[PDB]
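The lines below spell out each chain.
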Amino acid sequence: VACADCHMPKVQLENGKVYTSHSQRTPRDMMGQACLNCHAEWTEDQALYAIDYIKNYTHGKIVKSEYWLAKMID
Amino acid sequence: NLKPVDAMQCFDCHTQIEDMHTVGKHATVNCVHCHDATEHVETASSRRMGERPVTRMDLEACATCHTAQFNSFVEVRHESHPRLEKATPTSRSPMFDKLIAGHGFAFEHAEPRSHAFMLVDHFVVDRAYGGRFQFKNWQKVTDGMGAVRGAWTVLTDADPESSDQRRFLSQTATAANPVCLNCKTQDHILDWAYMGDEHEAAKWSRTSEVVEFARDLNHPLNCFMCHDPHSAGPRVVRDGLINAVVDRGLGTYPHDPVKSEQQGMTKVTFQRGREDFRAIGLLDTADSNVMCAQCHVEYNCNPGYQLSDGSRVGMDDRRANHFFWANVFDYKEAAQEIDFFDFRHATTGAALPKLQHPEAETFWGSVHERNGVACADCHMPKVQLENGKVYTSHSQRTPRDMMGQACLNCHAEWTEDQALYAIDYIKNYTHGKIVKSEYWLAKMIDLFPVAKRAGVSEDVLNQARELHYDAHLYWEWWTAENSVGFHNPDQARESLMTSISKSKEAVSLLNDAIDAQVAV
Amino acid sequence: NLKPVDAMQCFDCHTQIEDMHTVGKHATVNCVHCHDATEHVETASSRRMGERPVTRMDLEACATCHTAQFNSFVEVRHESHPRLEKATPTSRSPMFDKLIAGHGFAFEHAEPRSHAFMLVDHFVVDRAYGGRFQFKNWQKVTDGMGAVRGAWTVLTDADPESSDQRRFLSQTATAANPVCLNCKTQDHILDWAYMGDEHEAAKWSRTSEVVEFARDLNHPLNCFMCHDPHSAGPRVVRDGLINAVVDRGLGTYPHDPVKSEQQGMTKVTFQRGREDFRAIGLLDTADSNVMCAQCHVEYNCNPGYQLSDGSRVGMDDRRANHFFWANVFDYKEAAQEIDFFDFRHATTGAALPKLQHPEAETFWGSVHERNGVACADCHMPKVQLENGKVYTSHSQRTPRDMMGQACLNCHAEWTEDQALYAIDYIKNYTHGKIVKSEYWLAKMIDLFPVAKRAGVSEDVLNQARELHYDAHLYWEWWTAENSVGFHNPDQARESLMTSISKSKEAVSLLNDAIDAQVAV
Amino acid sequence: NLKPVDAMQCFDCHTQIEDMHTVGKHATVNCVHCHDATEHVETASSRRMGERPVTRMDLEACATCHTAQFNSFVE
Ligand code: HEC
Ligand code: HEC
Ligand code: HEC
Ligand code: HEC
Ligand code: HEC
Ligand code: HEC
Ligand code: HEC
Ligand code: HEC
Ligand code: HEC
Ligand code: HEC
Ligand code: HEC
Ligand code: HEC
Ligand code: HEC
Ligand code: HEC
Ligand SMILES: O=N[O-]
Ligand SMILES: O=N[O-]
Ligand SMILES: [Ca+2]
Ligand SMILES: [Ca+2]
């Protein structure tokens, strides 16, 4: 998988010549193309929930790392 | 990958193309994008074609550099309900079967759908080819992209081994003829002489076996129908239109000589050997009214009969390919000028015209046309982007899908709901008058058998048949015209009241004559 | 609270039930869930019923352990517009009154609505019981749960003191008879002998006073119509279906002996004393095509007449309960086999068939049926849950409400809009041919009085009446069939063009004969 | 309106560009879309630039033939 697959995927058209979206942005705006064509087992909400599980967990450790860095700094 | 060819060498023999190509916005676009002329260049002289070069007619030839226009063109509007028969209580012409009896449209006449399908729909409609052609299956009806790629990628022919028009299912007709195809495709643009006249250099003509012609045609609404591929400048290619506007000197706006001069057309002819062969009409401006008038007009594209003596006018006659280029109130005179009618009504025996989608001739003189508004402004507007390069939508569809761009930029005083309400007021009023026109036409039509059987004289029946022509014209214009009055509400109103007036006159005439016969 | 009974003791006398119950997925489900047999067990011998045990027919008997299936079944689809008369310009058969004149459906024929209402709607439709039964008030029309709980919880009888079928309002008919009820309920499953034949052990039969029978019936579409309550295995209980498939050896798929063998039915008969009394048909597989074919077929459920001599075929005749089990092109032969027609047209005098919702016989041979797709796949699919135990939706409704499950899992190439567009292409095309078929049938019908009055011979009128039978069959199949062509678009097309062909033949015949009479 | 230039004239001194341009999917795309090299061509030698040609760096130089990519990018 490469950055473009999640961040500037091919456009899906019922009738049209396919091109590659150049709007390089979060896959949340185009989950069908960016995630769900590959993750057929998920709905959009499930895929978003999986992203958020990671981000929430990681952000929690970032905040704790900052807490401990700040305590050391002080 | 494409390799560019030496255009300058082509120009040593192609001075007309040189003059167009080098001056317009395709001056940098190499011939190899649309032609394969390698063997041609090796064998031609300025006076001998040699090997015929290939010319690409596919829309993909333009889509590589103009994807937005291509994609907006091929888009299928699923809300444009498909295969929806107009002869039903819930569509445009509830009494169409009674009124049109005797004409091939009785076999099927659906509402239009998206442009991607025009060629395939022409091929599969029940009135056209005896049911010879079908989509490969009923799923393919959705595939606008496939149809654009090529009709024969999505259709089947019931009998590839024969080329005659015949019925393959009982309730079909074989009305299609080569002229039809000129408003579905221009893949034959190099194989068809102006007007479809016989020509030594034309593979196809008005008199061709339409099934054979059909098989040679692939693409709907080629992009070059409105845009010269060499100059990129605005044009039309449809012969019947150039004929009406230029050959017949009617002008682009027959009711406005000034606008005709400002927004005119220059006929450009291309020869084969020493002989004129085909023509295009370059437009002074990018005038969509005239571009759309290549097809959205009332026309002959069919055999008919002469009003004068009733004799057959066959496909060989120039009149079989004709743009009347006349509003509804000038049409009867325009038909008399070429001495032509379409069919005899099956019940009344009246000589009748068959009207087809006269959007262009209806739009003339209307408030929007008089204000310089054109088809594209309401049906293929510029796209509005918060951030982006503007282009012109090619999804030619009802303004209801893009009211901000199609109406409300101009009508700042209205909300979308208000503008829709104004549209619906016109269509509702017009449709009620259509329905009343049909009620009265049907009442007249039903009196004909009673009258004939009661012994009413031929003279009285002929008087009623003359009234039928008028009643019919002044009604059918509006079921044929796609805006349900919107394009010219006052004209529709005046015409439909005229229809009803004529029908009522005929009803009175017949009832009185029947009553007089009974009283004897 | 329920107390379990000794099933083993029941089995000392009920060996058929033992063989079903102990082997299937209801082996642990105690009899007390659906029977009260206390006094029965105290009084019975293996050869004498003794006190009749109670058998619960209410759907709640299943809803305690199968709430999801029950709840999805009872759900009211409010978008299935209620009491919507088909004989109107905006519904299925705009000219139905003219075409069906002479038949009880002229008094009312609404579009179907949700299954919860089938029994109450049968009772209150204007054609059924002379308007005897009504909802208690006009609010109760919404109450699907109430109707399922019991028809008589939501209906009133205008005259509980009489049991005869009569008109209570002028524009009603009394077409209901006991056979009807077999496609509304099976509450009478233990009180009705196979086919509704007279039987000493049957309280009800084809010849019963239908008003008395009606009062004894409560529940729509009992869950056990498709599921044996003892084995829980798939079955049908409808006698006319078992008769067609098994007794008449037509098979579950008359056009496919292989599929008939793989997906077959085993008739199981239950006796009363020494005598066969009732039967069920166990299915080899959970084949919804055959389960739904218990009711969604063309049938006799009514008296009629013999084609041969015109004599009355009354409810006492087995032919009054008949599944033709024939596609539209085999129907005329199937009706000739039993020497039967339904009514004489009020205007033409033609002997005519009355067709009813032949979804099953239409579906045969269609592309989906040939691919092993079945009613349930499009009309009661498995539910898709992000997290949950899958079950089968029992809300038997249009796939438009659940396109992901009903269509798009299979048709991965389509969006919902594309799939809807494909449906609409078929229904639009089919409906336009229905409307044209009606136009031509109506034109023929209107010629009959003119012809009769003009002195056209009985021989010519009879020729036209024979054509009327065909024109009618090949049209009415498609107004009766609920998919508007979707279930078999090519068949619909072929049939409707045949209808129009026949009507046109009759119109020509009559106009020529009328014209010849006038010319004399 | 753009007038094409003779790329062969450029290629005589620009072998690397020739090898890239003639082979790829821009083989038909004339230099004038992105360069104004008229005075450069009159003044360059095989090793000295002469007058510096203009090279368009704006994204609109690609947007006329690739509107969809450009518009999705700028959104
Ligand atoms: C398998 C899919 C996937 C791949 C491949 C991927 N990304 Fe991401 N990226 C994500 C997701 C999910 C997020 C979080 C977006 C959100 O929460 O809205 C993200 C976030 C980002 C963001 C921040 C987006 C914003 O709006 O905040 C950037 C920048 C980014 N990725 C760049 C890249 C780069 C560069 C690559 C390739 C090296 C890459 N991504 C590959 C899925 C992917
Ligand atoms: C960050 C790198 C990047 C930039 C900058 C970029 N693109 Fe692309 N472009 C891509 C990728 C990735 C693809 C898809 C390649 C593939 O998957 O085959 C692509 C594909 C294309 C294509 C091929 C057709 C298609 O859509 O797949 C065109 C034409 C194109 N880009 C034009 C442009 C234009 C015009 C711009 C400036 C508006 C631009 N690109 C800027 C990365 C880029
Ligand atoms: C030696 C002179 C000459 C050369 C050079 C030349 N052509 Fe032609 N071309 C002709 C002639 C002659 C015809 C036929 C005109 C006629 O029918 O009278 C023709 C016809 C055509 C046609 C129309 C064929 C048809 O289907 O009717 C096309 C397209 C065309 N040329 C393209 C090109 C291209 C592109 C080049 C450069 C790669 C080229 N020609 C170079 C002489 C030439
Ligand atoms: C190799 C790329 C390419 C091809 C292929 C191509 N065009 Fe163009 N087209 C251009 C360019 C570049 C312009 C000029 C853009 C500008 O200057 O705004 C242009 C301009 C146009 C214009 C605007 C002309 C004007 O005067 O405003 C139209 C219309 C057009 N092309 C139509 C077409 C048609 C129709 C086809 C297919 C027959 C086609 N093009 C094929 C590149 C191409
Ligand atoms: C080559 C002939 C031709 C040209 C030029 C043409 N049309 Fe059409 N148009 C058709 C045909 C044919 C259909 C019906 C297509 C079908 O039913 O498959 C149609 C359908 C339509 C529709 C209905 C689309 C829908 O969603 O149902 C509209 C709106 C329309 N045309 C507007 C226009 C406009 C505006 C123009 C000028 C920009 C134009 N047309 C130019 C032939 C043409
Ligand atoms: C003057 C151009 C023109 C001619 C020639 C032409 N059409 Fe059309 N046709 C149109 C336009 C515009 C529409 C869309 C508007 C409408 O349907 O009213 C259309 C729509 C159609 C449709 C789709 C709607 C329907 O009626 O079912 C079919 C099919 C069709 N034409 C078949 C034919 C046949 C067959 C012929 C030759 C007998 C023919 N056309 C000739 C312009 C033309
Ligand atoms: C029925 C006539 C018609 C057809 C066919 C047609 N166009 Fe256009 N085209 C127009 C009109 C009208 C405009 C806007 C002209 C104006 O207002 O300046 C336009 C504008 C354009 C432009 C100029 C840039 C823009 O978007 O304004 C291009 C490029 C173009 N069209 C490409 C195409 C392509 C590619 C096709 C085939 C998919 C096509 N056209 C088919 C009528 C047509
Ligand atoms: C380019 C500007 C423009 C466009 C776009 C436009 N209008 Fe108009 N419209 C006008 C003007 C100017 C008038 C005449 C105003 C006056 O004379 O008071 C008018 C008149 C009308 C009328 C009176 C119509 C008649 O024929 O008598 C109606 C209704 C109307 N517009 C609705 C609409 C609708 C709905 C749309 C979108 C489909 C639309 N207009 C798009 C400018 C526009
Ligand atoms: C002593 C033998 C015997 C016993 C034990 C027995 N049954 Fe029966 N049952 C019969 C007979 C005999 C009939 C009538 C069969 C016939 O009509 O010939 C009958 C009929 C029935 C019926 C159908 C009644 C109808 O409406 O037609 C049901 C239900 C039933 N039994 C349930 C049960 C249950 C449950 C049990 C155990 C609690 C049970 N029986 C135990 C002998 C027995
Ligand atoms: C006391 C609980 C209970 C009652 C009451 C009940 N069932 Fe069941 N049913 C079950 C159980 C337990 C299963 C087996 C579940 C499993 O194994 O997947 C089952 C299975 C089924 C099945 C699936 C059978 C198969 O072979 O796949 C059907 C169909 C069914 N029941 C129908 C009904 C019907 C209809 C009724 C009302 C006549 C009913 N059940 C009443 C408990 C009950
Ligand atoms: C072979 C099974 C079967 C028979 C027997 C049967 N019906 Fe129906 N009935 C159905 C089906 C299936 C529907 C839903 C489909 C439809 O309406 O087309 C239905 C629908 C109805 C409806 C609701 C729609 C309407 O027509 O108003 C009524 C009322 C009705 N039936 C009454 C009756 C009457 C009265 C009889 C006996 C004269 C009868 N049914 C016999 C299967 C049957
Ligand atoms: C018209 C026939 C029919 C009726 C009546 C019917 N079902 Fe079903 N039932 C089915 C079909 C079809 C299935 C799915 C069988 C399969 O595909 O395996 C099913 C499956 C089931 C299952 C198995 C679990 C599941 O959901 O797949 C149960 C339990 C069940 N039904 C209960 C009931 C209940 C309770 C009722 C009464 C509310 C009922 N059924 C009425 C046709 C019917
Ligand atoms: C269980 C899979 C499945 C289901 C569910 C399904 N289809 Fe199909 N459908 C098929 C297959 C397989 C074909 C035949 C494909 C082929 O032969 O190319 C087909 C054919 C069709 C056709 C051609 C129809 C004909 O009778 O000629 C249409 C239209 C269609 N499907 C639409 C739908 C719609 C709409 C739905 C949902 C109501 C649906 N399908 C549900 C598998 C399915
Ligand atoms: C005069 C028109 C034109 C110009 C200007 C243009 N291109 Fe292209 N581009 C093309 C054509 C034609 C193709 C080939 C399309 C095809 O064969 O699919 C192409 C192909 C591409 C591709 C796909 C290449 C591949 O190997 O798949 C990319 C990426 C691309 N161009 C980027 C750009 C960039 C970035 C610019 C601006 C620096 C640009 N183009 C300017 C016409 C143009
Ligand atoms: O039927 N095409 O006007
Ligand atoms: O009217 N029930 O088929
Ligand atoms: Ca005409
Ligand atoms: Ca019947």
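Everything that follows concerns the structure shown earlier in this document.
Novice: Can you tell me about the site of ligand 11, naming the residues and giving the values?
Specialist: Residue and element names in this part refer to chain C. Near ligand 11 lie 23 residues; those nearest to it are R127, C180, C183, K184 and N482. Measuring from an oxygen atom of ligand 11, one finds a backbone N or O atom of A110 at 2.9 Å. Within the side chain of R127, one N or O atom sits 2.8 Å away from an oxygen atom of ligand 11. Taken together, the elements giving at least two residues each to the shell around ligand 11 come down to α7 (118-124), α10 (178-181) and β8 (299-301). Partitioned by chemical class, the residues of the shell around ligand 11 number 14 nonpolar, five polar and four charged.

Novice: Residue-level account of the arrangement of the chains, with values.
Specialist: The pair of protein chains exhibiting the most contacts, out of five pairs of chains in contact, is chains B and C. Over all C-alpha pairs, chain C and chain D never come within contact, reaching a minimum spacing of 23 Å.

Novice: If you had to explain the packing of aromatic side chains to someone new, which residues and values would you point to?
Specialist: All names here are of chain B. Taken as a whole, this structure holds 33 aromatic pairs over all chains when the rule is applied. Ring centres of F96 and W475 lie 6.3 Å apart, and the angle between their planes is 50°; this geometry places the pair in the tilted category. In this pair, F96 sits in helix α6 (residues 96-100) while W475 sits in helix α21 (residues 458-480), placing the two residues 379 residues apart along the sequence. Considered together, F96 and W475 belong to a single accessibility category, that of buried residues.

Novice: Quick one: what's the story with unusual backbone geometry, residue by residue and with numbers?
Specialist: The phi angle at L221(B) is positive, at roughly 40°, despite the residue not being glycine. By secondary structure assignment, the location of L221(B) is in the loop between α11 (210-215) and β5 (235-236). For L221(B), a relative accessible area of 17% translates into the label buried. For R83(C), which is not a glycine, the phi torsion comes out positive at approximately 55°. The topology assignment puts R83(C) in the loop between α5 (67-74) and α6 (96-100).

Novice: Which residues make up the environment of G16(A), and what values go with them?
Specialist: As for its placement among the helices and strands, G16(A) is situated in the loop between α1 (3-7) and α2 (31-36). Judged by relative accessible area, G16(A) falls into the buried class, the value being 11%. Considering only alpha carbons, one finds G16(A) and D5(A), 11 residues apart in sequence, at a separation of 20 Å. When near neighbours in sequence (up to four residues on either side) are disregarded, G16(A) contacts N71(B), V74(B) and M145(B).

Novice: Go over the interface of chain C and chain A with me, naming the residues and quoting the values.
Specialist: Each partner contributes residues to the interface: chain C has five residues there, and chain A has five residues. Between chain C and chain A lies a buried interface of about 330 Å² when both sides are counted; carbon and sulfur atoms form 37% of it. Of all residues in chain C, the largest losses of buried area upon contact with chain A belong to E386(C), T415(C) and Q418(C), amounting jointly to 90% of the total for that side. The interface formed by chain C and chain A includes zero salt bridges. Taken together, the connections running from chain C to chain A amount to two residue pairs in polar contact.

Novice: So what about the sheet that holds strand β6 (residues 265-272) of chain C? Which residues, and what values?
Specialist: Residue and element names in this part refer to chain C. Taken together, the three strands give an open sheet; going across it, the order is β5-β7-β6, and neighbouring strands pair in antiparallel fashion. The two strands at the open ends of the sheet, each matched to only one other strand, are β5 (235-236) and β6. By the bridge criterion, eight bridges tie β6 to strand β7 (residues 275-283) in an arrangement that is antiparallel. Across the sheet, the residue bridging to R272 is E275, located in β7. In this fold helix α12 (residues 239-247) packs onto β5, β6 and β7, with an angle of close to 120° to the strand it touches most, β6.

Novice: Could you give an account of the coordination of the iron atom of ligand 6, with specific residues and numbers?
Specialist: Exactly one protein atom donates to the iron atom of ligand 6; that atom is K184(B) (NZ), 1.9 Å from the metal. Coordination at the iron atom of ligand 6 is octahedral: its six donor atoms span angles of 84 to 179° at the metal.

Novice: Can you explain a nonpolar patch on the surface? Please cite residues and give values.
Specialist: Residues and elements named next belong to chain A. A contiguous nonpolar patch, built from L69, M72 and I73 and spanning about 360 Å² of accessible area, is present on the exposed surface. When you line up the elements, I73 lands in helix α3 (residues 44-73). Judged by relative accessible area, which is 64%, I73 ranks as exposed.

Novice: A description of the interface of chain C and chain B should follow, citing residues and the corresponding values.
Specialist: Opposite the 37 residues of chain C that make contact, chain B presents 35 residues. Buried surface at the junction of chain C and chain B, summed over both partners, amounts to about 3000 Å²; 59% is from carbon and sulfur atoms. Contact with chain B buries surface across chain C, with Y421(C), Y425(C) and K436(C) losing the most and accounting together for 28% of the total. Put simply, chain C and chain B have 18 residue pairs in polar contact between them.

Novice: With reference to specific residues and values, describe the side chain of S162(B).
Specialist: All names here are of chain B. Along the polypeptide, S162 turns up in the loop between β4 (155-157) and α10 (178-181). Judged by its relative accessible area of 14%, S162 falls in the buried class. Of note is the side chain of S162, whose polar atom sits 3.0 Å from the side chain of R132. Each residue touching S162, except ones within four places of it in the same chain, is listed here: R132, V211 and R215.

What counts, and at which threshold
Residues numbered from 1 in each chain as written, not as in the entry; some residues may be left out. Chains lettered and ligands numbered in written order. Part of a larger assembly, values for the part shown. Heavy atoms only, no water. Residues with missing side-chain atoms left out of burial classes, pairs and counts. Near = heavy atom within 4 Å. Polar contact = N/O pair within 3.5 Å; in protein donor to acceptor, adjacent residues only side chain to side chain. Helix = DSSP H or I, 4+ residues; strand = E, 2+ residues; numbered from the N terminus. Nonpolar A, V, L, I, M, F, W, Y, C, P; charged D, E, K, R; others polar. Contact = heavy atoms within 4.5 Å. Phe/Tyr/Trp six-rings, centres within 6.5 Å; stacked < 30°, edge-to-face > 60°. Buried < 20%, exposed > 50% of the residue type's maximum accessible area, 1.4 Å probe, protein only. Buried area = accessible area lost by both parts, 1.4 Å probe. Salt bridge = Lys/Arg side-chain N within 4 Å of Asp/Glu carboxyl O. Pairing = 2+ DSSP bridges. Axes fitted to C-alpha atoms, helices over the stretch in contact; angles between N-to-C directions. Donors = N, O, S within 2.8 Å, 3.2 Å for Na, K, Ca; no water. Tetrahedral: all angles 85-135°; square planar, octahedral: opposite > 155°, others 65-115°. Patch = residues over 30% accessible without salt bridge, like charges linked within 9 Å, V, L, I, M, F, W, Y side chains within 5 Å. Areas by Shrake-Rupley, 256 points an atom, 1.4 Å probe, with all protein chains shown as cover.

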